[PDB]
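Chemist: Before I ask anything, here is the structure I am working with.
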Amino acid sequence: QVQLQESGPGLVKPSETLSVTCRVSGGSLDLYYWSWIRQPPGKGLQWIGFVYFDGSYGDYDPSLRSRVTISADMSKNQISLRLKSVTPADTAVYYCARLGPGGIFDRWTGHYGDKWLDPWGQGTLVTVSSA
Amino acid sequence: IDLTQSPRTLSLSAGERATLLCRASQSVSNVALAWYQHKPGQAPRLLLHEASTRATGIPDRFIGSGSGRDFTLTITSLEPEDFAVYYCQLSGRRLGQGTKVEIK
Ligand SMILES: *[C@@H]1O[C@H](CO)[C@@H](O[C@@H]2O[C@H](CO)[C@@H](O[C@@H]3O[C@H](CO[C@H]4O[C@H](CO[C@H]5O[C@H](CO)[C@@H](O)[C@H](O)[C@@H]5O[C@H]5O[C@H](CO)[C@@H](O)[C@H](O)[C@@H]5O)[C@@H](O)[C@H](O[C@H]5O[C@H](CO)[C@@H](O)[C@H](O)[C@@H]5O)[C@@H]4O)[C@@H](O)[C@H](O[C@H]4O[C@H](CO)[C@@H](O)[C@H](O[C@H]5O[C@H](CO)[C@@H](O)[C@H](O)[C@@H]5O)[C@@H]4O)[C@@H]3O)[C@H](O)[C@H]2NC(C)=O)[C@H](O)[C@H]1NC(C)=O
Ligand SMILES: *[C@@H]1O[C@H](CO)[C@@H](O[C@@H]2O[C@H](CO)[C@@H](O[C@@H]3O[C@H](CO[C@H]4O[C@H](CO[C@H]5O[C@H](CO)[C@@H](O)[C@H](O)[C@@H]5O)[C@@H](O)[C@H](O[C@H]5O[C@H](CO)[C@@H](O)[C@H](O)[C@@H]5O)[C@@H]4O)[C@@H](O)[C@H](O[C@H]4O[C@H](CO)[C@@H](O)[C@H](O)[C@@H]4O)[C@@H]3O)[C@H](O)[C@H]2NC(C)=O)[C@H](O)[C@H]1NC(C)=O
Ligand SMILES: *[C@@H]1O[C@H](CO)[C@@H](O[C@@H]2O[C@H](CO)[C@@H](O)[C@H](O)[C@H]2NC(C)=O)[C@H](O)[C@H]1NC(C)=O
């Protein structure tokens, strides 16, 4: 029932800021996490990070930590990903999916529902070149 | 933590059985495991969560098991439509190696 779709640019020169946008059109962002997954063209799938819909929790890849920023707007039904220091190694395919069943609400209780990862969407391709 | 998949590839025929191996560096409970079906040019999808609970809409030939640190996905009767890379990753997804199953 829940249908989501990624979006973004296609040609990013280096020393810029990458910015992609995932939009949901089947329900709300409520009671779930929201994640990002990278696939380089030679290798397999890589994890970037995920965020909670309140904006009160986020878990990141230790490799890509200090250059990434994930945000979500409850009303506009969208999630934006931003990335700094664009290299030609960042030419890859980007995926957007919602995480497991948990609605574990708080900073005090501790965010504890994370099991599976349902719909993934089509994805997008980001090519880094100077042409 | 670290995760490792073996074998790296497989090419078999229909009506046969496949067997994969997914191994963690430490002891992992039976809940944070999921199995995937990534076809090229398509959208990947969930096959199995919590290492035994079958996802909705995928056929019964995909059966998984394992415990502690040894995990296994098994197709009972191979089909020509099962040409996809299969992924096992944890809850936080910070690993992943990949295994491609081909049709002979
Ligand atoms: C029973 O239990 C339930 C369960 O809790 C209760 O349900 C909640 O009820 C709340 C009361 O109504 C309800 O309110 C909302 O709460 C939102 C959450 O705010 C929290 O998080 C904020 C963000 O924290 C991150 O960022 C900080 C700084 O950046 C950082 O310090 C933090 O550590 C944290 O970082 C984490 O995330 C990072 C990124 O993922 C990650 O990198 C990092 O490692 C960390 O993991 C935080 O700011 C906030 O703390 C204070 O914020 C201000 C300070 O001024 C103050 O108002 C707060 O009260 C608090 O003191 C808190 O911790 C909150 O964001 C919602 O805000 C909305 O409304 C306000 C006011 O109208 C508005 O400002 C916001 O709009 C802005 O943002 C929008 C986009 O989001 C824009 O579109 C707007 O234009 C505007 O810019 C929001 O609309 C809101 O207050 C909440 O929904 C319920 N919780 C959940 C999870 O559902 C229930 O109430 C209980 N009681 C009863 C009786 O039932
Ligand atoms: C609104 O109400 C809801 C409803 O109650 C409420 O939601 C609950 O919130 C509490 C938070 O206080 C949750 O309780 C936590 O549960 C954690 C469970 O993690 C362990 O268990 C997983 C398997 O389930 C268990 O099944 C049974 C039941 O206990 C048991 O027989 C099994 O042995 C098994 O334990 C397992 O997957 C999990 O693995 C974790 O860690 C791996 C590490 O890689 C990670 O990848 C996994 O994704 C997972 O995170 C783990 O084994 C539990 O950890 C936690 O425990 C705290 O205390 C212990 C000490 O006792 C500490 O060691 C630990 O660090 C924690 O601090 C805690 O008990 C509960 O699960 C929610 N309920 C549901 C249904 O989700 C909301 O909070 C309420 N909201 C408000 C605002 O009030
Ligand atoms: C809890 O309430 C929120 C609204 O505060 C629900 O979100 C709405 O869900 C309906 C049904 O899918 C959508 O048509 C609306 O667009 C949603 N609102 C927003 C702002 O996105 C949420 O679904 C409720 N939680 C449930 C039912 O579990």
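Scheme for the structure tokens: letters A, B, ... for chains in order shown; per-chain residue numbers from 1; ligand numbers from 1 in order shown.
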When you look at residue 131 in chain A with a cut-off of 12 Å (counting only C-alpha atoms), what residues show up, excluding the ones that are within fewer than 2 positions of it in the same chain? I need them as number ranges by chain.

Modeler: A: 11-14, 127-129

Chemist: Write to file, as a short mmCIF file (atom, residue, chain, number, x, y, z; two decimals), in the first residue's frame, the residues of the selection just made, with N, CA and C atoms.

Modeler:
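Result file part.cif:
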```cif
data_model
loop_
_atom_site.label_atom_id
_atom_site.label_comp_id
_atom_site.auth_asym_id
_atom_site.auth_seq_id
_atom_site.Cartn_x
_atom_site.Cartn_y
_atom_site.Cartn_z
N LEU A 11 23.96 14.84 -12.24
CA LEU A 11 25.34 15.19 -12.53
C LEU A 11 25.82 16.15 -11.45
N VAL A 12 26.79 15.71 -10.66
CA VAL A 12 27.31 16.49 -9.54
C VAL A 12 28.81 16.65 -9.72
N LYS A 13 29.26 17.88 -9.93
CA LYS A 13 30.68 18.17 -9.97
C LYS A 13 31.28 18.04 -8.57
N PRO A 14 32.58 17.77 -8.47
CA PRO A 14 33.22 17.68 -7.14
C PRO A 14 33.26 19.02 -6.43
N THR A 127 26.18 10.39 -10.61
CA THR A 127 27.46 10.32 -11.30
C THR A 127 28.25 11.58 -10.99
N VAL A 128 29.49 11.41 -10.57
CA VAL A 128 30.35 12.53 -10.22
C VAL A 128 31.38 12.70 -11.32
N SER A 129 31.28 13.80 -12.06
CA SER A 129 32.20 14.10 -13.14
C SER A 129 32.31 15.61 -13.29
#
```

Chemist: Which residues are near ligand 1 in this structure, taking near to mean any atom at most 10 Å from a ligand atom and counting only C-alpha atoms and all ligand atoms? Format them as a PDB file with N, CA, C and O atoms, in the first residue's frame.

Modeler:
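Result file follows (selection_33.pdb):
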```pdb
ATOM      1  N   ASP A  30       4.839   8.371  10.458  1.00  0.00           N
ATOM      2  CA  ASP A  30       4.690   8.133  11.882  1.00  0.00           C
ATOM      3  C   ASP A  30       5.092   6.705  12.235  1.00  0.00           C
ATOM      4  O   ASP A  30       4.961   5.794  11.419  1.00  0.00           O
ATOM      5  N   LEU A  31       5.625   6.538  13.453  1.00  0.00           N
ATOM      6  CA  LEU A  31       5.924   5.250  14.093  1.00  0.00           C
ATOM      7  C   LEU A  31       7.039   4.459  13.401  1.00  0.00           C
ATOM      8  O   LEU A  31       7.159   3.257  13.629  1.00  0.00           O
ATOM      9  N   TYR A  32       7.876   5.085  12.569  1.00  0.00           N
ATOM     10  CA  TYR A  32       8.904   4.332  11.850  1.00  0.00           C
ATOM     11  C   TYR A  32      10.212   5.103  11.778  1.00  0.00           C
ATOM     12  O   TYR A  32      10.261   6.308  12.025  1.00  0.00           O
ATOM     13  N   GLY A  49      22.962   5.374   6.949  1.00  0.00           N
ATOM     14  CA  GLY A  49      22.422   5.738   8.238  1.00  0.00           C
ATOM     15  C   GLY A  49      20.915   5.855   8.182  1.00  0.00           C
ATOM     16  O   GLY A  49      20.297   5.820   7.110  1.00  0.00           O
ATOM     17  N   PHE A  50      20.334   6.003   9.371  1.00  0.00           N
ATOM     18  CA  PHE A  50      18.891   6.148   9.492  1.00  0.00           C
ATOM     19  C   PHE A  50      18.552   7.129  10.602  1.00  0.00           C
ATOM     20  O   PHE A  50      19.358   7.398  11.495  1.00  0.00           O
ATOM     21  N   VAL A  51      17.326   7.648  10.533  1.00  0.00           N
ATOM     22  CA  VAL A  51      16.850   8.683  11.443  1.00  0.00           C
ATOM     23  C   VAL A  51      15.424   8.341  11.872  1.00  0.00           C
ATOM     24  O   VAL A  51      14.696   7.628  11.175  1.00  0.00           O
ATOM     25  N   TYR A  52      15.046   8.817  13.054  1.00  0.00           N
ATOM     26  CA  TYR A  52      13.711   8.635  13.601  1.00  0.00           C
ATOM     27  C   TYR A  52      12.848   9.829  13.214  1.00  0.00           C
ATOM     28  O   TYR A  52      13.353  10.938  13.031  1.00  0.00           O
ATOM     29  N   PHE A  53      11.539   9.590  13.073  1.00  0.00           N
ATOM     30  CA  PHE A  53      10.663  10.576  12.438  1.00  0.00           C
ATOM     31  C   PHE A  53      10.485  11.829  13.285  1.00  0.00           C
ATOM     32  O   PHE A  53      10.175  12.894  12.745  1.00  0.00           O
ATOM     33  N   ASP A  54      10.642  11.714  14.606  1.00  0.00           N
ATOM     34  CA  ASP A  54      10.687  12.887  15.467  1.00  0.00           C
ATOM     35  C   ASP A  54      11.925  13.728  15.223  1.00  0.00           C
ATOM     36  O   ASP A  54      11.915  14.924  15.522  1.00  0.00           O
ATOM     37  N   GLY A  55      12.981  13.140  14.678  1.00  0.00           N
ATOM     38  CA  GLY A  55      14.251  13.816  14.649  1.00  0.00           C
ATOM     39  C   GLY A  55      15.000  13.714  15.948  1.00  0.00           C
ATOM     40  O   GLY A  55      15.894  14.522  16.199  1.00  0.00           O
ATOM     41  N   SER A  56      14.665  12.736  16.782  1.00  0.00           N
ATOM     42  CA  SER A  56      15.266  12.597  18.095  1.00  0.00           C
ATOM     43  C   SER A  56      16.289  11.477  18.175  1.00  0.00           C
ATOM     44  O   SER A  56      16.826  11.235  19.258  1.00  0.00           O
ATOM     45  N   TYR A  57      16.578  10.795  17.070  1.00  0.00           N
ATOM     46  CA  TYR A  57      17.585   9.745  17.061  1.00  0.00           C
ATOM     47  C   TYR A  57      18.074   9.526  15.643  1.00  0.00           C
ATOM     48  O   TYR A  57      17.291   9.585  14.693  1.00  0.00           O
ATOM     49  N   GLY A  58      19.369   9.264  15.515  1.00  0.00           N
ATOM     50  CA  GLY A  58      19.965   8.933  14.241  1.00  0.00           C
ATOM     51  C   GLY A  58      21.218   8.106  14.416  1.00  0.00           C
ATOM     52  O   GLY A  58      22.051   8.406  15.274  1.00  0.00           O
ATOM     53  N   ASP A  59      21.357   7.055  13.618  1.00  0.00           N
ATOM     54  CA  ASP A  59      22.533   6.200  13.658  1.00  0.00           C
ATOM     55  C   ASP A  59      23.222   6.250  12.304  1.00  0.00           C
ATOM     56  O   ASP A  59      22.563   6.216  11.259  1.00  0.00           O
ATOM     57  N   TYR A  60      24.548   6.325  12.328  1.00  0.00           N
ATOM     58  CA  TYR A  60      25.350   6.645  11.158  1.00  0.00           C
ATOM     59  C   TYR A  60      26.434   5.597  10.931  1.00  0.00           C
ATOM     60  O   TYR A  60      26.805   4.843  11.833  1.00  0.00           O
ATOM     61  N   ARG A  65      30.609   9.573   8.713  1.00  0.00           N
ATOM     62  CA  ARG A  65      29.864  10.219   9.794  1.00  0.00           C
ATOM     63  C   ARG A  65      29.876  11.738   9.676  1.00  0.00           C
ATOM     64  O   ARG A  65      28.816  12.370   9.615  1.00  0.00           O
ATOM     65  N   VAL A  68      27.712  13.726   6.636  1.00  0.00           N
ATOM     66  CA  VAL A  68      26.376  13.304   6.239  1.00  0.00           C
ATOM     67  C   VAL A  68      25.356  14.033   7.106  1.00  0.00           C
ATOM     68  O   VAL A  68      25.660  14.468   8.223  1.00  0.00           O
ATOM     69  N   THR A  69      24.159  14.229   6.555  1.00  0.00           N
ATOM     70  CA  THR A  69      23.069  14.861   7.297  1.00  0.00           C
ATOM     71  C   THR A  69      21.749  14.345   6.751  1.00  0.00           C
ATOM     72  O   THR A  69      21.449  14.541   5.570  1.00  0.00           O
ATOM     73  N   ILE A  70      20.961  13.693   7.600  1.00  0.00           N
ATOM     74  CA  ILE A  70      19.661  13.155   7.221  1.00  0.00           C
ATOM     75  C   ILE A  70      18.601  13.926   7.992  1.00  0.00           C
ATOM     76  O   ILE A  70      18.754  14.156   9.197  1.00  0.00           O
ATOM     77  N   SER A  71      17.537  14.338   7.307  1.00  0.00           N
ATOM     78  CA  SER A  71      16.452  15.046   7.969  1.00  0.00           C
ATOM     79  C   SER A  71      15.126  14.610   7.373  1.00  0.00           C
ATOM     80  O   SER A  71      15.072  14.137   6.239  1.00  0.00           O
ATOM     81  N   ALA A  72      14.054  14.770   8.144  1.00  0.00           N
ATOM     82  CA  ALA A  72      12.732  14.327   7.726  1.00  0.00           C
ATOM     83  C   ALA A  72      11.697  15.356   8.140  1.00  0.00           C
ATOM     84  O   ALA A  72      11.755  15.883   9.253  1.00  0.00           O
ATOM     85  N   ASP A  73      10.752  15.645   7.250  1.00  0.00           N
ATOM     86  CA  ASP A  73       9.665  16.567   7.555  1.00  0.00           C
ATOM     87  C   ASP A  73       8.369  15.777   7.660  1.00  0.00           C
ATOM     88  O   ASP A  73       7.943  15.146   6.689  1.00  0.00           O
ATOM     89  N   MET A  74       7.746  15.836   8.838  1.00  0.00           N
ATOM     90  CA  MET A  74       6.529  15.079   9.122  1.00  0.00           C
ATOM     91  C   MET A  74       5.367  15.514   8.237  1.00  0.00           C
ATOM     92  O   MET A  74       4.545  14.685   7.834  1.00  0.00           O
ATOM     93  N   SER A  75       5.295  16.801   7.906  1.00  0.00           N
ATOM     94  CA  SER A  75       4.141  17.325   7.190  1.00  0.00           C
ATOM     95  C   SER A  75       4.272  17.168   5.681  1.00  0.00           C
ATOM     96  O   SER A  75       3.308  16.790   5.007  1.00  0.00           O
ATOM     97  N   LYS A  76       5.449  17.452   5.130  1.00  0.00           N
ATOM     98  CA  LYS A  76       5.632  17.424   3.684  1.00  0.00           C
ATOM     99  C   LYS A  76       5.917  16.034   3.139  1.00  0.00           C
ATOM    100  O   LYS A  76       6.164  15.916   1.933  1.00  0.00           O
ATOM    101  N   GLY A 103       7.951   1.485  17.208  1.00  0.00           N
ATOM    102  CA  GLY A 103       7.549   2.832  17.529  1.00  0.00           C
ATOM    103  C   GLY A 103       8.030   3.164  18.920  1.00  0.00           C
ATOM    104  O   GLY A 103       7.250   3.617  19.753  1.00  0.00           O
ATOM    105  N   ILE A 104       9.291   2.851  19.218  1.00  0.00           N
ATOM    106  CA  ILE A 104       9.772   2.954  20.591  1.00  0.00           C
ATOM    107  C   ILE A 104      10.102   4.395  20.933  1.00  0.00           C
ATOM    108  O   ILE A 104      11.232   4.860  20.751  1.00  0.00           O
ATOM    109  N   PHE A 105       9.107   5.085  21.466  1.00  0.00           N
ATOM    110  CA  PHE A 105       9.137   6.521  21.665  1.00  0.00           C
ATOM    111  C   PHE A 105       9.946   6.791  22.925  1.00  0.00           C
ATOM    112  O   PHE A 105       9.551   6.291  23.980  1.00  0.00           O
ATOM    113  N   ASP A 106      11.146   7.389  22.809  1.00  0.00           N
ATOM    114  CA  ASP A 106      11.668   8.507  23.629  1.00  0.00           C
ATOM    115  C   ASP A 106      13.167   8.698  23.510  1.00  0.00           C
ATOM    116  O   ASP A 106      13.861   7.918  22.861  1.00  0.00           O
ATOM    117  N   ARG A 107      13.671   9.717  24.198  1.00  0.00           N
ATOM    118  CA  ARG A 107      15.075   9.791  24.566  1.00  0.00           C
ATOM    119  C   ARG A 107      15.371   9.024  25.850  1.00  0.00           C
ATOM    120  O   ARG A 107      16.499   8.560  26.042  1.00  0.00           O
ATOM    121  N   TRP A 108      14.371   8.841  26.709  1.00  0.00           N
ATOM    122  CA  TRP A 108      14.550   8.258  28.034  1.00  0.00           C
ATOM    123  C   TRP A 108      14.349   6.753  28.040  1.00  0.00           C
ATOM    124  O   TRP A 108      15.023   6.045  28.791  1.00  0.00           O
ATOM    125  N   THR A 109      13.422   6.253  27.224  1.00  0.00           N
ATOM    126  CA  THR A 109      13.198   4.817  27.139  1.00  0.00           C
ATOM    127  C   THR A 109      14.286   4.141  26.322  1.00  0.00           C
ATOM    128  O   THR A 109      14.724   3.038  26.656  1.00  0.00           O
ATOM    129  N   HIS A 111      15.634   3.944  21.984  1.00  0.00           N
ATOM    130  CA  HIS A 111      15.030   3.558  20.713  1.00  0.00           C
ATOM    131  C   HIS A 111      15.341   2.094  20.409  1.00  0.00           C
ATOM    132  O   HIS A 111      16.484   1.753  20.103  1.00  0.00           O
TER     133      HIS A 111
END
```

Chemist: Would you please work out which residue, of A:83, A:89, A:125, A:99, is nearest to ligand 2 when using only C-alpha atoms and all ligand atoms?

Modeler: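 Using only C-alpha atoms and all ligand atoms, ligand 2 sits closest to A:99.
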
Chemist: Neighbouring residues of residue 47 in chain B were defined as those with any atom within 8 Å, considering only C-alpha atoms; residues of the same chain fewer than 3 positions away were excluded. Please report them as a list in words.

Modeler: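 So the residues in contact are residues 34, 35, 36, 37, 54, 55, 58 and 62 of chain B.
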
Chemist: Please dump the current selection as a PDB file, in the first residue's frame; keep C-alpha atoms.

Modeler:
```pdb
ATOM      1  CA  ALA B  34      16.996 -10.601   7.518  1.00  0.00           C
ATOM      2  CA  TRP B  35      17.411 -12.017   4.008  1.00  0.00           C
ATOM      3  CA  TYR B  36      17.116 -10.145   0.715  1.00  0.00           C
ATOM      4  CA  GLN B  37      16.575 -10.677  -3.021  1.00  0.00           C
ATOM      5  CA  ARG B  54       8.525 -15.862   6.429  1.00  0.00           C
ATOM      6  CA  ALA B  55       7.834 -12.519   4.786  1.00  0.00           C
ATOM      7  CA  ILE B  58       7.310 -14.845  -1.080  1.00  0.00           C
ATOM      8  CA  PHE B  62      12.823 -20.037   0.749  1.00  0.00           C
TER       9      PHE B  62
END
```

Chemist: Would you please give, as a PyMOL selection string, all residues of range 31-71 of chain B that DSSP assigns to strand (DSSP E or B) based on the backbone?

Modeler: chain B and resi 34-38+45-49+53-54+62-67+70-71
